[PDB]
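Visitor: experimental structure and sequence below.
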Amino acid sequence: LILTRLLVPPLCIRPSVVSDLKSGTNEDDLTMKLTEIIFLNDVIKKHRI
Amino acid sequence: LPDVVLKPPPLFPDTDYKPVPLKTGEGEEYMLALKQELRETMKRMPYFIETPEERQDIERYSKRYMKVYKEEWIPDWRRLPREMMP
Amino acid sequence: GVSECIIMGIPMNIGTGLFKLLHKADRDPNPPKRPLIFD
Amino acid sequence: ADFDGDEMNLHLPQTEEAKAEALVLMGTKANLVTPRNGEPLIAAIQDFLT
Amino acid sequence: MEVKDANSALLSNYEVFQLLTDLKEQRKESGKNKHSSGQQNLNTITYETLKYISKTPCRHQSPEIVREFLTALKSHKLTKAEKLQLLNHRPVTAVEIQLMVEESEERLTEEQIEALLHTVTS
Amino acid sequence: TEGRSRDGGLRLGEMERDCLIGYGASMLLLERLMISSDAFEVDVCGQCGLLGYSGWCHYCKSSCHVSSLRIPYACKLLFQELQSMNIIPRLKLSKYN
Amino acid sequence: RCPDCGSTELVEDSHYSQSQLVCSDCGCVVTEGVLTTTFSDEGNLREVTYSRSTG
Amino acid sequence: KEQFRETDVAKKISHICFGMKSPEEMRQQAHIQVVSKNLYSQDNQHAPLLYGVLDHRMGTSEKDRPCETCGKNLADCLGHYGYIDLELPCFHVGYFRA
Amino acid sequence: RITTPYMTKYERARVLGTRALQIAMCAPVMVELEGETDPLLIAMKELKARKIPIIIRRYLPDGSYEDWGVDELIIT
Amino acid sequence: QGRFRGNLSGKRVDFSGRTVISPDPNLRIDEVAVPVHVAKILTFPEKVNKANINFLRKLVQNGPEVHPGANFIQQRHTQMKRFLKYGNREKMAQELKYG
Amino acid sequence: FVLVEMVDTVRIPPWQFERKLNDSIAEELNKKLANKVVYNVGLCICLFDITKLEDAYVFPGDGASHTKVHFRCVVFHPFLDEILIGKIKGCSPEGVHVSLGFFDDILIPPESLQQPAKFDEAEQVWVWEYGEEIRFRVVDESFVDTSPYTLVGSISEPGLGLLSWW
Ligand SMILES: [Zn+2]
Ligand SMILES: [Zn+2]
Ligand SMILES: [Zn+2]
């Protein structure tokens, strides 16, 4: 019940659209949440060090 | 801000602290020897029940020669309930 | 149930899926067995 | 329906078993009555009763 | 595709020969084109096994002779594997029973070999 | 897709599903919701009950108990989302007989 | 090239709202069907720029 | 010569047994480890980083870039999961009442 | 022998669909069709003629089963 | 619009069309009119058998242009579809095998 | 040669209904078990007979007739001591390559027990003098599919004398 590993799903669940009309792409919210989680983990590791 | 990491951390990260060596002494040596003797002698003990082999290929005249023979201890049926008799 | 069947993509038990059909093929149940000569 | 611009859907089965089941169970000639009370719904309408 | 018993009952070469002959005659009587083109390994394996069993001396055998040989060996307290090997090989010489056949020690007796040869040759 | 300009098809809503269930056309409902909408073949491991790929189970590192199975792509996506949520649906397959 | 005749006359011709790369010699269908996000997916997805996604 | 192996079986699902996975089972199920917080590379091609998010080894989402784990296109790729280890454990909101 | 002898509409539909699929899969015809290019029409003709080689296996809730032939059942 | 209600209970399908309705008393109660434009788009997969072989041959010779016809053919051996708009339709009709 | 009990779910297409069910099942089983080695069983030759054949079901999918048939099949699986007569289909330095008559080229007798004049110099030399007999010793099977043969066995050739051929 207490989680120590997060299961990032495949890319089929996180569709990404390459919008060549601008310098950006359309990404889902799960990708941003996982990116924020990884950033927070890195920040916690930096603070611990 | 925290820097980004390209490759993942090592599966077995190194540590600057090593385990303290094992205590030496005739006592420890004798305990090790006794534990090894127990490991070697308890497998052949009748209490060590092995997986009953099955699915024999054929019967041969050498069956009586290769027949495994080992004495079997008799449990105390007075102390053990009746639900364990063969 | 029916909802789980529809979700999994299998014929629901209700309706036409409650029973099963058999083929009326020309056969012979328990055909003659070849006798064993060596045994 | 009242023929006042209503958009209806039309589907084509892709299996012989589904086709047969749709023709038998969902047949117009076999579903001329409703299971609520058995009254016939497929009957005459305006411009026909008169 | 699971199997229930891989050693249900042993059989000699005469049964396999009869089965292969029956399959071959049924095939040449009801030959099909598409069924044969779908899998040609069946024809090859059947033909080669039949050719091997014809090369071997398994010919000139019958169920009556097999039953007679079995009843004759039943009086020799010989084991199923020994009698099966003897029926499959049809040894005409004595050395083939003296050395080739296993479990020779205490079973030859130097007197039963003549009876075994007579029974396998009759 | 949804819209006509996007080359979208009709929607068999919950009311249509209820009507089909009331009629009892099980094969019709199946052909509509599974065969002609999101038909797809996956590989399920008969040992752990997980989903593999190309007839291979990365969990058990074996391919003897892996077998194909028809399943809606929406149901497969739901199973993947649950496995991500840590709710692991263990599928125990068996013969159709 | 075509898997049947080996010809290189592969043309992308949409047949009644169905993108399909089909050969022009024998009509063999090489590839068919394309996956494109719908209005719901486009509205649910959020726009993130390279200034942030690249690093 | 040739071994007997069944090609396809008419397997029918009997029942779904829900459950949970431990960290060890999650690691065993996952294929790679995602540790990079960025998505694409610095080059102008904007290719996805390795051992990071949006990696093609955990499936594919583009019709041009196929999957790296299995040599198949998007229409045939089923996808693969990944495991991300956390420094400190956290309560699972779904199982917090439990 | 305890169930109703009449053949229900669901059984009718399932039998007709199965026979139409078999015929579309190049199955033998036992009625000598006369220019019927529709497998469903051929199946309906075979049902009316009572020559469909299919046996319904009705299962009871407890687990028992009973066989009923198309020619043995009553049609409407 | 969830996975249970939006993608499992109610989902979209193909081979369907939405159109306006109009009155026509000259048709039976069990009959419905379908326009040629939607009929040429909505196709039905028919298996080649010993009964409708000539009908399928005629439909293939007609082709996608004429209303009575077909649009694609999937061979029994190979699952590679063939577009009737390209290539000689007469050869495809003459090489129609069962299955 | 030995019988093996098997239970297989055979699927017969509809266009074979004109044929007899038992004959079709036998032909399908033969085509499916022709020249194939079943793990821990041996190499199957052909079908012997059919014992039990229950009702024939028809699923709502493919529409074919699926029948669960119990049958017995003959397989080549010695009993670790069987004697056979094969032919030398070549020879290698580490060991001769003998093969039963047109049956299977999988017998690899190790040359580590004959009298102490055993050696192969690649010139197809069998053995220095003082229809080849074979004595099976052990069996062994292995799998094939391990990513996204299977029967060799061990042969023995003791000092059988062989008065007919050295
Ligand atoms: Zn597994
Ligand atoms: Zn081409
Ligand atoms: Zn993949």
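Guide: Nice, I can see it. Residues are numbered from 1 along each chain as shown, chains lettered A, B, ... in the order given. Ligands and ions are numbered 1, 2, ... in the order given.
Visitor: for chain I, which residue gets nearest to chain G?
Guide: Closest contact between chain I and chain G, by Cβ to the nearest Cβ, is at residue I:24 (22.4 Å). (C-beta placed from N, C-alpha, C; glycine too.)
Visitor: gap between that residue and residue F:96?
Guide: 22 Å (Cβ to Cβ, to the nearest Å).
Visitor: higher neighbour count, those two?
Guide: residue I:24 (25 against 14; other Cβ atoms under 10 Å in any protein chain shown).
Visitor: thinking again about what came up before, doesn't residue J:46 make contact with the residue of chain I closest to chain G?
Guide: Yes - if you go by Cβ atoms under 8 Å, residue I:24 and residue J:46 touch, sitting 7.1 Å apart.
Visitor: okay, and residue K:51 sits in which element?
Guide: Assigned by DSSP states H and E, residue K:51 belongs to strand K:42-58.
Visitor: flag every buried residue along that strand.
Guide: Burial within strand K:42-58, assessed by neighbour count using 16 or more other Cβ atoms under 10 Å in any protein chain shown, is assigned to K:42-50, K:53, K:56-58.
Visitor: ok, the residue positioned nearest the centre of chain H - contacts?
Guide: Taking Cα atoms, centre = their mean, the centroid of chain H lies closest to residue H:81, which sits 1.6 Å from it. Residues near residue H:81 by Cβ atoms under 8 Å, 6 or more residues apart in numbering or on different chains: A:7-10, F:83-84, H:29-31, H:58.
Visitor: which of these fall in strands?
Guide: Among the contacts of residue H:81, DSSP state E puts A:7-8 in strands.
Visitor: list only buried entries from the contacts of residue H:81.
Guide: A:7-10, F:83-84, H:29-30, H:58.
Visitor: ok, the residue of chain G found nearest ligand 3 - how many residues close by?
Guide: The nearest approach of chain G to ligand 3 comes at residue G:35, 15.1 Å away (Cβ to the ion). Residues contacting residue G:35 under the criterion other Cβ under 10 Å number 10.
Visitor: other SSEs contacting the helix or strand encompassing residue A:42?
Guide: Mapping residue A:42 onto the secondary structure by DSSP H and E places it in helix A:29-48. With contacts taken as 3 or more Cβ pairs under 8 Å, 6 or more residues apart in numbering or on different chains; DSSP states H and E, helix A:29-48 sits against strand A:2-8, strand G:46-49, strand H:82-91.
Visitor: run the last query once more with 7 Å
Guide: strand H:82-91 (3 or more Cβ pairs under 7 Å, 6 or more residues apart in numbering or on different chains; DSSP states H and E).
Visitor: for chain D, what spans make up the helices?
Guide: Assigned by DSSP state H, chain D shows helices spanning D:16-25.
Visitor: ok, the closest residue to ligand 1 within it - how many residues close by?
Guide: Of all residues in chain D, the one sitting closest to ligand 1 is residue D:15 (33.3 Å; Cβ to the ion). Residue D:15: 25 surrounding residues under other Cβ under 10 Å.
Visitor: which residues does stretch E:114-122 contact?
Guide: The contact list for stretch E:114-122, computed with Cβ atoms under 7 Å, 6 or more residues apart in numbering or on different chains, reads E:69, E:72, E:86, E:90-92, E:94, E:97.
Visitor: now the residues you listed in a markdown table, with distance to residue K:80, neighbour count and secondary structure?
Guide: Output for the contacts of stretch E:114-122, formatted as a markdown table (distance: Cβ to Cβ, whole Å; neighbours: other Cβ atoms under 10 Å in any protein chain shown; DSSP: H, G, I helix; E, B strand; the rest coil):
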| residue | distance to residue K:80 | neighbour count | secondary structure |
| --- | --- | --- | --- |
| E:69 | 24 | 20 | helix |
| E:72 | 27 | 16 | helix |
| E:86 | 18 | 20 | helix |
| E:90 | 23 | 17 | coil |
| E:91 | 21 | 18 | coil |
| E:92 | 26 | 10 | coil |
| E:94 | 26 | 13 | coil |
| E:97 | 20 | 21 | helix |
